[PDB]
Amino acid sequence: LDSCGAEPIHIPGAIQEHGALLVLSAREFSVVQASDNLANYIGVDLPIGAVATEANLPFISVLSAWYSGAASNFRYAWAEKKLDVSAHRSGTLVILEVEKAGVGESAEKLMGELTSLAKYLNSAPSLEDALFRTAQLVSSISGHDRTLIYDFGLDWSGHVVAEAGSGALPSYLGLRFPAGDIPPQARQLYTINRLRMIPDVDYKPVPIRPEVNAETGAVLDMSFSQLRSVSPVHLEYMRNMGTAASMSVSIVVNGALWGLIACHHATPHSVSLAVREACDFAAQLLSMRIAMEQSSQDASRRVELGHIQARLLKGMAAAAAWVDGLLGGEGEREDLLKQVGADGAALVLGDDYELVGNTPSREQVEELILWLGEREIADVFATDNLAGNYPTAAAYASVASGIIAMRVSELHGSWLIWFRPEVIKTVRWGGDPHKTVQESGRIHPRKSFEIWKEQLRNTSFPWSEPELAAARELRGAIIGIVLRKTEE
């Protein structure tokens, strides 16, 4: 259960103060909803149900032409009001937003800056150098007191891997922050909407009315609203961190959220639409370099584990008993361990326990199998910290802090379990990563982000996605080989 993750952040029915929002129906461009501050930004009152005309909205022919083409987002520089206008499509609606235009900016200056970044990335000595250059560029153009790059781990915790700034905020470079600082619905949203900005932590939310959109009969889906009012609890987190403004940018690599470029200010601070879009572009450029590196490594590992797989599957088929493809020689046993980069394995077939390499005792495995028995396992169970959910395991963390466990073969109660040892390491966090407080029925963030150091115990080197896949495929192979052998 995750109460943080359950907040419906995409439907707050309000926006921040630095702009206004209008919802139009696609066919007619009839005004279906509006933020309470609309007439202010645009100088004309649009009653609900009324038809936007060119007199109200000088850009409406451009909006019309945009609507029916391919571009996902509308942009229009409304010089007269010094407003930047943006829009997106949602169902049968157009959601239109306006904000103050940038001052003293040009497309041509931003293009030269991004071109230089692209060229630098297109050589790119090293990823580290690519990350620092990208943070420095974003810092230069956004004017924020701090810009960092936040790299997500397999558990959705993250480490600060690059940083630039004015000195007005603390340094978090090299620190880890827990998964729960960005809850899963926020992570999902941030996968599909790559930009956000909070220019003043203490804005007063501006209501969107009417509450119910008459075209849809539901509340407004603000997933792609740039002005969307943000979660109260995140604002509390910002206050606790001492950041009066933020802006972040998703780094999306091969369709998955790789990390964030996160920016903060010690006082209120906004960034123009053109500069936000340039920061997205910068993140995309960086993502291309990251991808080169990520995919080469991943693919190489899959090739490697494929070779080991081919040998195991061949020996399993050639042997009288499939198990001897795993246990029947020194190469077989070495390959068994290498298949997932483990240091040990138990093959448990009914009452026969066969321990290979470095394992817990028979007695420890039997207890572990009883413990596993009581869970639903789709294909494989994997953990890098078995003591975490199975405390009796702390007694054998030196050999089996990490496990991949799975049922195998045609016999219920037969398992293949791979083991990894504890690897102790010192981990420095931005504050106590267990510190969330429950109060008035809600989970609140920690108050301190001061370096919080631990000697991490009972935790193995993490299981990679190629190692998990290889486990799944081995499992599939064992049963398919068996099935076919049985046809005879």
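Note that residue numbering begins at 1 and tracks the sequence as displayed.
Undergrad: Would 20 to 28 or 471 to 479 have the larger average of its C-alpha temperature factors, as given in the entry?
TA: If you average the C-alpha B-factors of 20 to 28 and of 471 to 479, the larger mean comes out for 20 to 28.
Undergrad: For the C-alpha atoms alone, is the average B factor greater in 318 to 326 or in 269 to 277, going by the entry?
TA: Result: 318 to 326.
Undergrad: If I read the C-alpha B-factors straight from the PDB entry, which of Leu313, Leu336, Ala397, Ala378 is highest?
TA: It is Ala378.
Undergrad: Determine which member of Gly158, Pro360, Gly217, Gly143 has the highest CA B-factor, using the values in the deposited entry.
TA: Of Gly158, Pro360, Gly217, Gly143, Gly217 has the highest C-alpha B-factor.
Undergrad: Can you tell me whether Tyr237 has a C-alpha B-factor in the lowest, middle or highest third compared with the other modelled residues of the same chain?
TA: Lowest third.
Undergrad: Could you place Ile424 in the lowest, middle or highest third of its chain by Cα temperature factor, using the values in the record?
TA: Its C-alpha B-factor belongs to the middle third of this chain's values.
Undergrad: Going by the recorded CA B-factors, say which third of the chain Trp258 sits in, lowest, middle or highest.
TA: Lowest third, going by the recorded CA B-factors of the chain.
Undergrad: If you rank the chain by CA B-factor, which third does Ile404 end up in: lowest, middle or highest?
TA: It belongs to the lowest third of the chain when residues are ordered by C-alpha B-factor.
Undergrad: Comparing against every modelled residue in the chain, figure out the third that the C-alpha B-factor of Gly431 lands in (lowest, middle or highest).
TA: According to the entry, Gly431 has a C-alpha B-factor in the chain's lowest third.
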